[PDB]
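Taking it in order: structure first as structure tokens, then the write-up.
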Amino acid sequence: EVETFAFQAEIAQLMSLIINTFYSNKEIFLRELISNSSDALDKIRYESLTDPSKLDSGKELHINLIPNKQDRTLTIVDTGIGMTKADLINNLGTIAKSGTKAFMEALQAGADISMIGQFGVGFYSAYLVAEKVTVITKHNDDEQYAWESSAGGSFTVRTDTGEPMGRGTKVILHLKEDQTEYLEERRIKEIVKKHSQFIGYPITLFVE
Ligand SMILES: CCOC(=O)NCc1ccc(-n2c(S)nnc2-c2cc(C(C)C)c(O)cc2O)cc1
């Protein structure tokens with residue numbers, strides 16, 4: 001069973017802006033996703049301080065980057081606190097409505113697209129490089145679900161089975177045809193060092 005939803009108008013407009021604005025500095029998408037992963041990891045870390053059983057679904061707190069040139073995908077995987085089905089539908093746990101409003105106002109005051117993460121909506125910068133995004137997540141309090149959107153005003157949510165993760169979130173970027181540089185090892189290393197050099201969790205770049 002697949003459920004199809006319409007984005008809130010403000011979010012559809014944010015995504016359209018990201019997709020259609022001329023802006024060459026696309027590489028900042030990765031730091032925004034790594035930042036979200038770090039936040040999710042902080043959350044499960046702090047929770048586990050008073051309830052160790054929260055880590056029964058996995059003790060290791062880390063981030064993996066997985067390029068695949070055959071599929072033309074870049075996948076960011078973390079073992080953070082994950083998201084419930086409800087939070088997936090509610091704009092994947094972000095304050096998208098109020099965040100988008102503040103972001104647009106900032107763009108009128110001299111801000112540019114690279115400031116997007118300051119307003120809680122950095123996830124949508126994924127559409128600078130991806131034609132489709134799949135978000136697979138598992139929270140301790142719910143089952144495993146897959147969110148997906150190629151923009152155009154809608155997203156889908158379904159249950160996900162076949163490769164269960166213990167806990168956390170996996171963001172699969174289906175890259176646009178002209179953005180395959182982000183599958184190259186030296187390019188990914190360069191971007192991590194430039195924008196995500198000091199993060200409180202290990203980042204592992206998989207080899208092909
Ligand atoms: C509510 C304040 O934060 C936001 O509005 N947005 C940033 C944010 C949202 C959800 C998460 N998150 C949680 S909680 N659990 N998993 C995630 C998570 C979400 C994403 C995007 C799909 C939004 C991600 O790339 C990685 C994550 O671990 C982390 C940061």
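Letters for chains follow the order of the structure tokens (A, B, ...), residue numbers begin at 1 for each chain, and ligand numbers begin at 1 in the order shown.
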Query - Nearby residues, ligand 1, 8 Å, only C-alpha atoms and all ligand atoms, as a ChimeraX atom specification - result: /A:32-41,43,76-83,88,91-96,99,119-124,135,137,139,168-171
Quick one: residues within 7 Å of residue 130 (chain A), only C-alpha atoms, excluding same-chain residues fewer than 6 positions away - as a short mmCIF file (atom, residue, chain, number, x, y, z; two decimals) with N, CA, C and O atoms, in the first residue's frame?
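Output file selection-v3.cif is given in full below:
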```cif
data_model
loop_
_atom_site.label_atom_id
_atom_site.label_comp_id
_atom_site.auth_asym_id
_atom_site.auth_seq_id
_atom_site.Cartn_x
_atom_site.Cartn_y
_atom_site.Cartn_z
N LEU A 173 19.87 9.83 -2.37
CA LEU A 173 19.80 10.87 -3.40
C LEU A 173 19.93 10.25 -4.79
O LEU A 173 21.00 9.77 -5.15
N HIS A 174 18.85 10.27 -5.55
CA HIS A 174 18.90 9.85 -6.95
C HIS A 174 19.35 11.05 -7.79
O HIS A 174 18.56 11.94 -8.10
N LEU A 175 20.64 11.07 -8.14
CA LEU A 175 21.26 12.29 -8.65
C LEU A 175 20.83 12.65 -10.07
O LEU A 175 20.59 11.77 -10.90
N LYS A 176 20.73 13.94 -10.34
CA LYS A 176 20.48 14.41 -11.69
C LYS A 176 21.66 14.04 -12.59
O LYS A 176 22.78 13.82 -12.11
#
```
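Closest approach to residue 172 (chain A) among A:74, A:115, A:109, A:199: A:74, based on only C-alpha atoms.
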Need the shell around residue 164 (chain A): protein/DNA/RNA residues with any atom at most 9 Å away, counting only C-alpha atoms. Skip same-chain ones fewer than 3 positions apart. Format as a short mmCIF file (atom, residue, chain, number, x, y, z; two decimals) with N, CA and C atoms, in the first residue's frame?
```cif
data_model
loop_
_atom_site.label_atom_id
_atom_site.label_comp_id
_atom_site.auth_asym_id
_atom_site.auth_seq_id
_atom_site.Cartn_x
_atom_site.Cartn_y
_atom_site.Cartn_z
N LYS A 138 13.74 4.47 10.78
CA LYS A 138 13.25 3.59 11.85
C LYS A 138 13.45 4.24 13.22
N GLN A 144 9.37 0.54 10.30
CA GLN A 144 10.22 1.13 9.26
C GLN A 144 9.40 1.61 8.07
N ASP A 160 8.38 -0.13 4.73
CA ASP A 160 9.58 -0.63 4.06
C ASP A 160 10.04 -1.96 4.68
N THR A 161 10.24 -2.97 3.84
CA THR A 161 10.70 -4.27 4.33
C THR A 161 11.73 -4.90 3.39
N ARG A 167 17.91 1.18 13.75
CA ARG A 167 17.39 2.47 14.15
C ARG A 167 18.14 3.55 13.38
#
```
Query raised in the report: In chain A, what's alpha helix (DSSP H) per DSSP? Answer as a ChimeraX atom specification?
Result: /A:9-20,29-48,85-89,96-108,185-195
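Every protein or nucleic acid residue with an atom no more than 12 Å from residue 1 (chain A), counting only C-alpha atoms and leaving out same-chain residues fewer than 3 positions away, appears here: residues 4, 145, 146, 156, 157, 158, 159 and 160 of chain A.
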Report task. Please provide as a ChimeraX atom specification all residues within 6 Å of residue 7 (chain A), with the sequence filter that same-chain residues fewer than 2 positions apart are discarded (counting only C-alpha atoms). Result -> /A:12,153-154
Can you spit out the residues from that selection as a PDB file, in the first residue's frame, using N, CA and C atoms?
```
ATOM      1  N   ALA A  12       5.958  23.370  -1.086  1.00  0.00           N
ATOM      2  CA  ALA A  12       6.013  23.162  -2.527  1.00  0.00           C
ATOM      3  C   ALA A  12       6.710  24.351  -3.184  1.00  0.00           C
ATOM      4  N   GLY A 153       5.013  18.634  -6.200  1.00  0.00           N
ATOM      5  CA  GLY A 153       3.896  18.941  -5.324  1.00  0.00           C
ATOM      6  C   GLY A 153       3.398  17.798  -4.455  1.00  0.00           C
ATOM      7  N   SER A 154       3.949  16.601  -4.633  1.00  0.00           N
ATOM      8  CA  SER A 154       3.489  15.449  -3.854  1.00  0.00           C
ATOM      9  C   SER A 154       4.639  14.597  -3.324  1.00  0.00           C
TER      10      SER A 154
END
```
Report task. Using only C-alpha atoms, find the one residue out of A:187, A:166, A:203, A:107 that sits nearest to residue 143 (chain A). Result ->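 That would be A:166, the residue with the smallest distance to residue 143 (chain A).
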Requested in this report: Once DSSP has gone over the backbone, tell me which residues of region 20-136 of chain A are in strand (DSSP E or B), as a list in words.
Outcome: residues 63, 64, 65, 66, 67, 68, 73, 74, 75, 76, 77, 78, 130, 131, 132, 133, 134, 135 and 136 of chain A
Report task. Identify which of the residues A:57, A:126, A:185, A:149 lies closest to residue 30 (chain A), counting only C-alpha atoms when measuring atom-to-atom distances. Result -> A:126
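Interatomic distance, CA of residue 196 (chain A) to CA of residue 65 (chain A): 12.8 Å.
Of the listed residues (A:183, A:9, A:18, A:2), A:18 comes nearest to residue 128 (chain A); the distances count only C-alpha atoms.
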Query raised in the report: If we count only C-alpha atoms, what is near residue 19 (chain A) at a cut-off of 9 Å, once residues fewer than 5 positions away on the same chain are taken out, given as a list in words?
Result: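 My list of contacting residues is residues 14, 125, 127, 128 and 129 of chain A.
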Store the residues of this selection in a file with N, CA, C and O atoms, as a PDB file, in the first residue's frame.
```pdb
ATOM      1  N   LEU A  14       8.929  26.370  -1.658  1.00  0.00           N
ATOM      2  CA  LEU A  14      10.343  26.295  -1.298  1.00  0.00           C
ATOM      3  C   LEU A  14      11.087  25.340  -2.223  1.00  0.00           C
ATOM      4  O   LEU A  14      12.183  25.639  -2.696  1.00  0.00           O
ATOM      5  N   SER A 125      17.454  21.221   0.440  1.00  0.00           N
ATOM      6  CA  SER A 125      18.584  21.530  -0.426  1.00  0.00           C
ATOM      7  C   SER A 125      19.053  20.296  -1.189  1.00  0.00           C
ATOM      8  O   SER A 125      19.862  20.401  -2.108  1.00  0.00           O
ATOM      9  N   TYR A 127      17.438  18.818  -3.245  1.00  0.00           N
ATOM     10  CA  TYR A 127      16.912  18.955  -4.595  1.00  0.00           C
ATOM     11  C   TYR A 127      17.747  19.884  -5.471  1.00  0.00           C
ATOM     12  O   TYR A 127      17.440  20.088  -6.643  1.00  0.00           O
ATOM     13  N   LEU A 128      18.828  20.415  -4.909  1.00  0.00           N
ATOM     14  CA  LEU A 128      19.848  21.068  -5.721  1.00  0.00           C
ATOM     15  C   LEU A 128      20.549  20.046  -6.622  1.00  0.00           C
ATOM     16  O   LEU A 128      21.009  20.390  -7.710  1.00  0.00           O
ATOM     17  N   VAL A 129      20.631  18.791  -6.179  1.00  0.00           N
ATOM     18  CA  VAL A 129      21.386  17.787  -6.930  1.00  0.00           C
ATOM     19  C   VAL A 129      20.623  16.516  -7.295  1.00  0.00           C
ATOM     20  O   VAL A 129      21.046  15.775  -8.183  1.00  0.00           O
TER      21      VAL A 129
END
```
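Of the listed residues (A:47, A:141, A:111, A:134), A:141 comes nearest to residue 87 (chain A); the distances count only C-alpha atoms.
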Report task. Please indicate the distance in Å from CA of residue 180 (chain A) to CA of residue 205 (chain A), rounded to one decimal place. Result ->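 These atoms are spaced 16.1 Å apart.
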